[PDB]
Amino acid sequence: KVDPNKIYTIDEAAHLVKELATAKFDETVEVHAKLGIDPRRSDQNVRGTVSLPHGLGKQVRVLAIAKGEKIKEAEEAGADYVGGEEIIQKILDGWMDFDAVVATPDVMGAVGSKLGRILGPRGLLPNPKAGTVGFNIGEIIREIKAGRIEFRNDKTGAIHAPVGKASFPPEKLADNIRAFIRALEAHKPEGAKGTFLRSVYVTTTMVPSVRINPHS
């Protein structure tokens, strides 16, 4: 009960995420967008933050994956669950309990290579360009906690970012996308070519993609 032909309004995807929302887990919503830009040229590489008016949810429980001291830095940041390969294994074991995952570059080769089949479809997979991956584990642990998200230029000019969860009532979820969008829009360079937002798409684990009208 999804139409490939159809282009969806921000509201229409929003209600459609809930239709398809399963109760076995609360799914993070993500907006994906093709930015008309050329990442090759450095001037349109887009970097910017926005505060989702309702955030990622209010009691955001964070899983930090890291090595070294940055593990302590991560539980002194106030992370609800910290760890290392033990933590990965406790996921493969089948433990999904967290609302968010963040990580240092250091472990990403392992987290990327192992957790990808599991975290990714649920929008729990750390990405540096979602501002969930970095050596400053402290800021990310708080910013994500503070509900602030930062987009970064993908290599092909994609962008992703968590917009919140499928349990959100849909109007509250709509406000998030337009918000992220509005702050996404703000960052177009001056010498950019045709329309800044080429394609934008809503996703969850049950809606592999919708294409939306970002101005609706």
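Note that residue numbering follows the sequence shown and begins at 1.
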Comparing 52-60 with 26-34, which has the greater mean CA B-factor as deposited? 52-60
Looking only at CA atoms, which has the higher mean B factor in the entry: 204-212 or 15-23? 15-23
Residue with highest C-alpha B-factor in the PDB entry, from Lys90, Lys129, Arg122, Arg142: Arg122
For the listed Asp106, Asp97, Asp80, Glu86, which has the peak Cα B-factor recorded in the PDB entry? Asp97
Lowest, middle or highest third: where is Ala74 by C-alpha B factor in its chain? highest
Can you tell me whether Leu115 has a C-alpha B-factor in the lowest, middle or highest third compared with the other modelled residues of the same chain? middle
What third of its chain's C-alpha B-factors does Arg152 belong to: lowest, middle or highest? middle
How does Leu184 rank on Cα B-factor within its chain, lowest, middle or highest third? lowest
In terms of the chain's CA B-factor thirds, is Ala158 lowest, middle or highest? highest
